[PDB]
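For reference, the structure is listed below as structure tokens.
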Amino acid sequence: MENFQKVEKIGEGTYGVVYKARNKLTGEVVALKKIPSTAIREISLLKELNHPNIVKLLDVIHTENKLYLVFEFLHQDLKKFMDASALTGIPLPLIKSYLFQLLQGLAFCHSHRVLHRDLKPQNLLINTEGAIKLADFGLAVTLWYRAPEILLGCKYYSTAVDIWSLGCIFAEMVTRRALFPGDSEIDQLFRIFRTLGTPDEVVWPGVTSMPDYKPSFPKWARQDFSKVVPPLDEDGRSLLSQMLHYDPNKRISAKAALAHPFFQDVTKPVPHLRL
Ligand SMILES: C[C@H](CO)Nc1nc(Nc2ccc(S(N)(=O)=O)cc2)ncc1Br
């Protein structure tokens, strides 16, 4: 890790801090993430997990209590791009491209039993050629993308959690505002309830016996879905509702979502990026 000149800090969670960096000898520009035997073996496995819509993990560096992951560098994240596009909106065909590629990335990881668990716009990275890629997964303060079953204390949650988060991202790209911007776990859960309606045994068998479920939860009626994402067309809306099903078992898989009618006319536009 003397092999790398830090250029700038580009990110941080509590996992670690991410820098754009330059290899002193090869000149390559990379993203360097500065972060237990179990974790070493696990991240070794993730290194083999190559797909066009997953940020490539090039190298793992374990040096004295400290662990660095060396990633390929992409040039902008989706949040910054959504903000830059905020007056105009991202054109539907590019929204659809990005949602489609993200679903290919999920299906691939999911087929390997690898989950993201913490998807958000800052983990979705774009380039000038119209690709979008997922960063930070298998690695497992923003609750906004969190699936209802995590919030209800489920211990053994599934690949469905990433479909939920990706559904909330889709809605946000379309409306140019976050769908569920909670500022606490309960606020997050109650904002979900107030839009989609308070879940019960009819729509989510077993929900009322989940660890943090309370009979005292207010009982809100579900809102009209056309009020949630105007002006998504009805195909996008149907796909969105399948991604935001309460019951993780009813919630559409990445693989099934790829086949949804919404993607019948999918293409790959290039975005206009200001770097
Ligand atoms: C920090 C980000 C998500 O953890 N990780 C990466 N980010 C990038 N690039 C990056 C991230 C953010 C931005 S920003 N915030 O200017 O759009 C620009 C480039 N590249 C590879 C990785 Br891994």
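These residue numbers are counts, starting from 1, taken along the chain as shown.
So this one's X-ray crystallography, 2.0 Å, going by the header.
Placement of Cβ uses the backbone N, Cα and C atoms for every residue, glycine included.
According to Swiss-Prot, of the residues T14, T63, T88, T208, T14 is the one noted as phosphothreonine. For the annotation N6-acetyllysine, the record in Swiss-Prot points to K6 among the listed residues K6, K80, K227. Of the candidates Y19, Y157, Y246, Swiss-Prot records phosphotyrosine for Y19; the remaining residues carry no such annotation there, which does not rule it out for them.
In Swiss-Prot, the entry for phosphotyrosine among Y15, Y213 corresponds to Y15. Listed recorded positions: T14, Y15, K80. Those with a CB atom under 6 Å from ligand 1: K80. The Cβ of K6 (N6-acetyllysine) has 11 other Cβ atoms within 10 Å, all protein chains considered. In the structure as shown, the Cβ atom of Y15 (phosphotyrosine) sits within 10 Å of 15 other Cβ atoms. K80 (site 'CDK7 binding') and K6 (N6-acetyllysine) are 21 Å apart (CA-CA, integer value).
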